[PDB]
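Before any comments, here is the structure.
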Amino acid sequence: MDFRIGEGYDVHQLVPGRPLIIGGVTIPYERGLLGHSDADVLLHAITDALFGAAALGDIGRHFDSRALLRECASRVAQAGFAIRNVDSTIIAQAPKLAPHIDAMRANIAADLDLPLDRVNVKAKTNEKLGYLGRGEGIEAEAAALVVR
Amino acid sequence: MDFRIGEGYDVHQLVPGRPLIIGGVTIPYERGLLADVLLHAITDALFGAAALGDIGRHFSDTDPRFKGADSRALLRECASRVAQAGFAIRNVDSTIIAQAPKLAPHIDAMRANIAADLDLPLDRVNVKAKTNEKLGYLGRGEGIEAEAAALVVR
Amino acid sequence: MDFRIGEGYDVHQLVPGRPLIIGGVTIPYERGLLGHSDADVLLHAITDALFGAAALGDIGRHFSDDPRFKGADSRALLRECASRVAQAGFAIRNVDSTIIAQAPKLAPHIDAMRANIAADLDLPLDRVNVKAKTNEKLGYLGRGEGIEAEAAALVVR
Ligand SMILES: [Zn+2]
Ligand SMILES: [Zn+2]
Ligand SMILES: [Zn+2]
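Protein chains in written order, with our numbering: chain C, 1 to 148; chain S, 1001 to 1154; chain R, 2001 to 2157.
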C-alpha cells in the first residue's frame, strides 16, 4: 500500500540529418530529434516519471534510450519499487503518430517488464500553436505509478 | 489495490467568432476556442489510466457514430468504457491555463458538470485556473490549454 | 486505501531587480521571478497539486494574488496548504516535480529544494523529488523570459 506517483516532461528540437525515433520506433520523416543520446523524447519523459515516483532524482543526474529506460527500471527496482502502470502523451504537429503507437507501447512494456495493459501512449497535435505547432520540436509527457 | 494513473493534455486557438466553452460551461467573451479543452484533457487522462489508448482512437472525427457529439457525451461514453474494462474512478484533478477571461466564477459549474458525467461525488473532482503570466501564445490570448490527472482502480 | 492524485503548473516571468527564489532557495542571479508573492514557481506548482489532490480548489482560491500576500514567503503558503489538506482529512504520501529553465544552473540547488519541501510537508526526503530541465532552447523558456514548474502529488484520506 506504499504507492507513489511520478511525472515527467521532455522536449527536443526537430532537425535535418537525424532519424526520428520515438518510443523506440524509427518513424520515416525528413527530420529527427536532436540530443546527446538518440533523443527519444517519449522514453526520456517516461524515464523521468519513473525516477520521480521512486524519488531517485532525474535523467540528468543518472546519465540508446531503450537501454537507458531499462537501466532506469533496474534502479527503480533496486530501491524496492514495482512499477504498476505508465501513461504518456506525445505532442507533435507532424508526422502522424497513430500508426506507430502500438509498436511504442510494445517496446515500453518489454523494457519495463510490464504487460501491455499497464502501458499507454497517446498522441496529440498542438493545434498549430507555438514552436510545437510550427514543427520546431516534439514534446512528451508521462505519469507513472509505483509501489514499494 | 490495483490502482492506475492517467494524464491528459489539450490545447485550442482563441479567436473571435466562436463561443467559449470550457468544462461544459459557456463563458461570455469576445473570443472562443477553434473544442472543450478541459473535458478533452480529462477524457484523455481517463483512457490513459485504463490503458485504452486515447480520445483520437475512440472518437474519430472520421467516425459517424460520434459526428456532432458534445464533449460531455464523449466524456460519458469514455467513463462507460472505463467501467466495462473493469475500472472505477477515484478522482480527477485539472488545470486550465488562460490569460483571459477570469475563470474562478465558473469553476463550481465545471466541477458539477464533470462530476455528473463521471457519476462521481463532487469532492472527487477538482478544476484549477491559471494565467500564463503574459508569456507565450497562452500569455497573448492566442489559445487556452488544459491538463488533467486521473486515478482509477480495478 | 482512499488515494487521490493532484497535478500542478506554474510559470513566472524572469526580470531584473527581483530575488530568484525556487523551492525556497535564494539563488544568486541577476534576475528573479516576478509575482505578487516571492513568486516561487516550484512551491506554487506543488501547492496547487496538493490542493488539487484534496479537491480544495487552487492556490488562487486560498491565497489570492490581497496585500496580505505581497512579498509572502511561499514556504509559509505551502505549510498552510498542507495544514488545510490535513484538516480536510488527507495525509500526503509523495510529491514529484520538475523545474524548466534555460538559466541559471539548478542542479547545485536541487537537494536544498528537496529538503525545504520535505521539511514544509513533514515528509522524509525519500518521499520528495525535484527534477531540473532545460527546454532544449525552445520557446520563451528557451529565450529565458520565464521559468516553469510542474508537480504531482499523491495523498490518502
Ligand atoms: Zn530528452
Ligand atoms: Zn481538444
Ligand atoms: Zn506562482
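For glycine and all other residues, C-beta sits at the position ideal for the given N, C-alpha and C.
**OP:** With a threshold of 8 Å, establish whether the CB of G8 (chain C) neighbours any heavy atom of ligand 3.
**Re:** Every heavy atom of ligand 3 is 8 Å or more from the Cβ of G8 (chain C), so no.
**OP:** Pull up the DSSP beta-bridge partners for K1128 (chain S), would you.
**Re:** Beta bridge pairing from DSSP links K1128 (chain S) with S:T1095.
Original post:
What does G2146 (chain R) touch in chain S if you count any residue whose Cβ is under 8 Å from its own?
Top reply: Those are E1133, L1135, listed as they occur along chain S.
Original post:
First and last residue of the beta strand (DSSP E) that includes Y2009 (chain R)?
Top reply: For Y2009 (chain R), the uninterrupted beta strand (DSSP E) segment begins and ends at 2003-2016.
**OP:** Please list the residues of the stretch 2117-2133 of chain R that have a C-beta atom closer than 8 Å to any C-beta atom in chain C, keeping them in chain order.
**Re:** Going along the stretch 2117-2133 of chain R in chain order, one finds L2125, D2126, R2127, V2128, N2129, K2131, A2132, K2133 with a Cβ nearer than 8 Å to chain C.
Subject >> Proximal chain S residues relative to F3 (chain C), where beta-carbon distance stays under 7 Å >> reply: Chain-ordered, the chain S residues with CB closer than 7 Å to the CB of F3 (chain C) read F1003.
**OP:** Compare the C-beta of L2077 (chain R) against all C-beta atoms of chain S and say whether one is closer than 9 Å.
**Re:** With its beta carbon at least 9 Å from every one in chain S, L2077 (chain R) lies outside the interface.
**OP:** Helix, strand or coil for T2026 (chain R), going by three-state DSSP, please let me know.
**Re:** It is a strand residue.
Original post:
What are the residues of the stretch 2-33 of chain C that lie near chain R, defined by any Cβ-Cβ distance shorter than 8 Å?
Top reply: Residues are counted here when their Cβ sits less than 8 Å from a Cβ of chain R; for the stretch 2-33 of chain C these are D2, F3, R4, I5, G6, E7, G8, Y9, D10, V11, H12, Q13, given in chain order.
**OP:** Flag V121 (chain C) as yes when its Cβ comes closer than 8 Å to any non-hydrogen atom of ligand 1, and as no otherwise.
**Re:** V121 (chain C): no, Cβ never under 8 Å from ligand 1.
Original post:
Sorry if obvious, but does the Cβ on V2041 (chain R) come closer than 8 Å to a heavy atom of ligand 3?
Top reply: Yes - ligand 3 has a heavy atom lying nearer than 8 Å to the Cβ of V2041 (chain R).
Original post:
In three-state terms, what does DSSP make of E2148 (chain R)?
Top reply: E2148 (chain R) falls in the strand class under three-state DSSP.
**OP:** Give the straight-line distance between the Cα atoms of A49 (chain C) and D2073 (chain R), rounded to the nearest whole angstrom.
**Re:** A49 (chain C) and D2073 (chain R) have their C-alpha atoms some 29 Å from each other.
**OP:** Answer yes or no: does any C-beta atom of chain S fall closer than 9 Å to that of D87 (chain C)?
**Re:** For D87 (chain C), the answer is yes, since a Cβ of chain S falls inside 9 Å of its Cβ.
**OP:** Please confirm if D2038 (chain R) has its CB atom under 9 Å from at least one CB of chain S.
**Re:** So no, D2038 (chain R) is outside the interface.
Original post:
Can a CB atom of chain S be found closer than 9 Å to the CB of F2051 (chain R)?
Top reply: It does: the Cβ of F2051 (chain R) has a partner Cβ on chain S nearer than 9 Å.
Original post:
Taking 8 Å as the cut-off, is the CB of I90 (chain C) close to at least one heavy atom of ligand 4?
Top reply: Inclusion of ligand 4 in the displayed structure is not the case, the ligand content consisting of ligand 1, ligand 2 and ligand 3 alone.
Subject >> Neighbour list for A1051 (chain S) in chain C, Cβ cutoff strictly below 8 Å >> reply: Near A1051 (chain S) (Cβ distances below 8 Å), the residues of chain C are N85, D87, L116, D117, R118, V119, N120.
Original post:
Start and end of the beta strand (DSSP E) containing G2052 (chain R)?
Top reply: It is not in any beta strand (DSSP E) - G2052 (chain R) instead sits in the alpha helix (DSSP H) that spans 2041-2053.
**OP:** Please look up how many angstroms separate the CB atoms of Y2029 (chain R) and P2108 (chain R), rounded, as I've assumed it's under 8 Å.
**Re:** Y2029 (chain R) to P2108 (chain R), Cβ: 12 Å. No contact.
**OP:** Flag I2046 (chain R) as yes if its beta-carbon sits less than 9 Å from any beta-carbon of chain C, otherwise no.
**Re:** Judged by the 9 Å Cβ criterion, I2046 (chain R) is not in contact with chain C.
Subject >> Check whether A123 (chain C) and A144 (chain C) have beta carbons under 9 Å apart >> reply: Result no, Cβ atoms of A123 (chain C) and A144 (chain C) do not sit closer than 9 Å.
Original post:
Would you say residue 975 (chain S) reaches chain R, if we count a Cβ-Cβ gap shorter than 9 Å as a contact?
Top reply: Lying before the first or after the last residue shown, residue 975 (chain S) is absent from chain S, which here runs from 1001 to 1154.
Subject >> Inter-residue CB distance, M1110 (chain S) and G1023 (chain S) (contact presumed, cutoff 8 Å) >> reply: Indeed they touch by this definition, with Cβ atoms about 3 Å apart.
**OP:** Would you list the residues sitting across from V2085 (chain R) in a DSSP beta bridge?
**Re:** Under DSSP, no beta-bridge partner is assigned to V2085 (chain R).
Original post:
Within the chosen definition, does the stretch 130-142 of chain C reach the stretch 10-27 of chain C through at least 3 CB pairs nearer than 8 Å?
Top reply: Judged by Cβ distances under 8 Å, the stretch 130-142 of chain C makes contact with the stretch 10-27 of chain C, as three or more pairs qualify.
Subject >> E2150 (chain R) at chain B interface by Cβ criterion, 9 Å >> reply: Included in the structure are the protein chains C, S and R, with no chain B among them.
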